[PDB]
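What follows is one chain in structure tokens, specifically the form deposited in one PDB entry.
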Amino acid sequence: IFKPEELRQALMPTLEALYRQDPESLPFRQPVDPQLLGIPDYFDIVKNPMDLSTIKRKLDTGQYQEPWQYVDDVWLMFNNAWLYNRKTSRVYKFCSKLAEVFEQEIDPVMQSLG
């Protein structure tokens, strides 16, 4: 079993590594707001939205019981952006950069946590 403060200690540096990507992480620091962005179909397409602020709060409150639930939420964030945004868009290419960064940062941590 994984204690929530052990998960936070291990996993939150990989999340801070994503925040440190600037400007690539800027679209991802807060939930998508389809009203502000004038994209009324966003919630038609993205049925399980996720973003860095939601993941951070879940680490902060101990809502992950297992490290793979965290990894899954980060990838859900990525997949939502790749699904909604065109492959030529800045948000799409920024998402791809974040996934490259995350894949590096998460590998030694998950090796440690197993």
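In case it trips you up, residue 1 is the first one in the sequence shown, and so on. Rigid core here is just the name for the largest C-alpha set that superposes within 1.5 Å across the two forms.
Fitting on the core, do the C-alphas of 72 to 80 or of 35 to 43 deviate more in 7 other deposited structures of this protein?
Higher average C-alpha offset in 7 other deposited structures of this protein goes to 35 to 43.
Which is higher on mean Cα B factor in this entry, 33 to 41 or 70 to 78?
The stretch with the larger mean CA B-factor is 33 to 41.
Going by the mean C-alpha B-factor recorded in the entry, which is higher: 19 to 27 or 6 to 14?
The entry gives the higher C-alpha B-factor average to 19 to 27.
By the record's CA B-factor, is residue 95 among the lowest, middle or highest third of residues in the chain?
According to the entry, residue 95 has a C-alpha B-factor in the chain's highest third.
Chain-relative CA temperature factor third for residue 61
For residue 61, the deposited C-alpha B-factor lands in the highest third.
Although not depicted, the form deposited with a small molecule bound is the subject of the following passage.
Whether residue 113 contacts the small molecule in the deposited complex should be assessed with a 4.5 Å heavy atom distance threshold; does it?
So residue 113 does not count as contacting the small molecule.
Non-hydrogen atom contact residue 63 with the small molecule in the deposited complex at 4.5 angstroms
No, no contact at 4.5 Å.
I'd like to know whether residue 107 contacts the small molecule in the deposited complex, with contact meaning heavy atoms within 4.5 angstroms.
Residue 107: contacts the small molecule in the deposited complex.
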